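*Asks:*
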Amino acid sequence: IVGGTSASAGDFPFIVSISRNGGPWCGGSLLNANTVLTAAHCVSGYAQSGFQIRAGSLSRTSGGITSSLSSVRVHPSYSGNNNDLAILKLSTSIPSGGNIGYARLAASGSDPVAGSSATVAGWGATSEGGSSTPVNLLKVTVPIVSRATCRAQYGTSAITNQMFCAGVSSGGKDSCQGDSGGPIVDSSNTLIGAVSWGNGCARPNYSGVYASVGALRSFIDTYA
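In mature numbering (1 follows the signal peptide of the UniProt record, and there is no 0), the protein residues as written are 8 to 231.
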């Protein structure tokens, strides 16, 4: 997260860190006791055994409850950056309670309204290309950018109806590498997307691009 502030305990009860080979890698969202939603690109085709989920902590490396993975399912239409969601099943079930909870999802067919406020969180870099990552979870609030504007930045074909965009024209507030797969919520803390891709991090006039939960609810609901 670029331009972020520390998340408080209980801000995102459903957020999980996803380590790979013992190191930082991405984020995700706990949907129920045995299911995490993350970005497909975080997991597709990689050795499953390399991943460890941690829930209930502001840190990636201690606290809370961990699990390995039992299975990985990418969206059936995942291609390039498009449809960038995956369902992970956990080897160890994680109960709600305390600072752990399960995500409430954006309604099927919803699309974040341009200008509305969204909050994204993760353990990724704090600058483009940064090599260090924070120990504790960061968050940042950015407005939704219209898809039309987003297509003017990236190209018409590049932004699909399964993506939405968020950021500030000036730059300086965004998700970044290591935040992929983690949650972006609306102002009510409902899960509206997963961190997916973008042109660098926090650049002027290149929004962050998010996999849209509202658009991808059929997949999520079928396999959660």
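We put the beta carbon where it would ideally sit given N, CA and C, even for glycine.
Got a sec? Which residues, its chain only, sit under 7 Å from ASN106 by beta carbon, not counting five neighbours each side?
*Replies:* Within the same chain, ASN106 has close Cβ partners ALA16, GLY17, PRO20, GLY63.
*Asks:* Please specify which runs of the beta strand (DSSP E), each continuous and at least 3 residues long, are wholly inside the segment 127 to 163, giving them in chain order.
*Replies:* Listed in chain order, the complete beta strand (DSSP E) runs (minimum 3 residues) inside the segment 127 to 163 are 145 to 152.
*Asks:* I think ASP186 touches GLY104, with their Cβ atoms under 8 Å apart; what is that distance to the nearest whole Å?
*Replies:* About 26 Å separates the two Cβ atoms, so there is no contact after all.
*Asks:* Out of curiosity, what's the CA-to-CA distance linking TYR161 and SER100?
*Replies:* Each residue's alpha carbon lies about 40 Å from the other.
*Asks:* To which residues of the same chain is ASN206 closer than 6 Å at the C-beta, ignoring the five residues directly before and after it?
*Replies:* The answer, listed in chain order, is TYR213.
*Asks:* Starting from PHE226 and walking both ways along the alpha helix (DSSP H), at which residues does that stretch end?
*Replies:* Looking at the DSSP string, the run of the alpha helix (DSSP H) that includes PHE226 is 224 to 230.
*Asks:* Entirely within the segment 83 to 114 and at least 3 residues each: give me those beta strand (DSSP E) ranges in chain order.
*Replies:* Taking only runs of at least 3 residues, the beta strand (DSSP E) segments lying wholly in the segment 83 to 114 are 93 to 97.
*Asks:* In terms of residues, what are the limits of the alpha helix (DSSP H) holding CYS208?
*Replies:* Counting along the chain, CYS208 falls outside any alpha helix (DSSP H), and DSSP gives it neither H nor E.
*Asks:* Cβ of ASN143 within 7 Å of Cβ of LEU65?
*Replies:* Yes, the pair counts as a contact, with Cβ atoms nearer than the cut-off.
*Asks:* Quick one: what does DSSP say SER56 is sitting in, helix, strand or coil?
*Replies:* Correct three-state label for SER56: helix.
*Asks:* Taking buried to mean at least 16 other C-beta atoms within 10 Å of its own C-beta, is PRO150 buried or exposed?
*Replies:* That one is buried.
*Asks:* Which residues bound the alpha helix (DSSP H) around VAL50?
*Replies:* Unbroken alpha helix (DSSP H) run through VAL50: 47 to 50.
*Asks:* What's the call for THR12, buried or exposed, on a 16-neighbour Cβ count within 10 Å?
*Replies:* Label assigned to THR12: exposed.
*Asks:* Does the beta-carbon of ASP181 have 16 or more other beta-carbons within 10 angstroms, so that it is buried, or is it exposed?
*Replies:* Under this definition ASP181 is a buried residue.
*Asks:* Residues in its own chain within less than 7 Å of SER124 by CB, not counting five upstream and five downstream?
*Replies:* So the list reads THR148, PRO150, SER194, once near-sequence residues are dropped.
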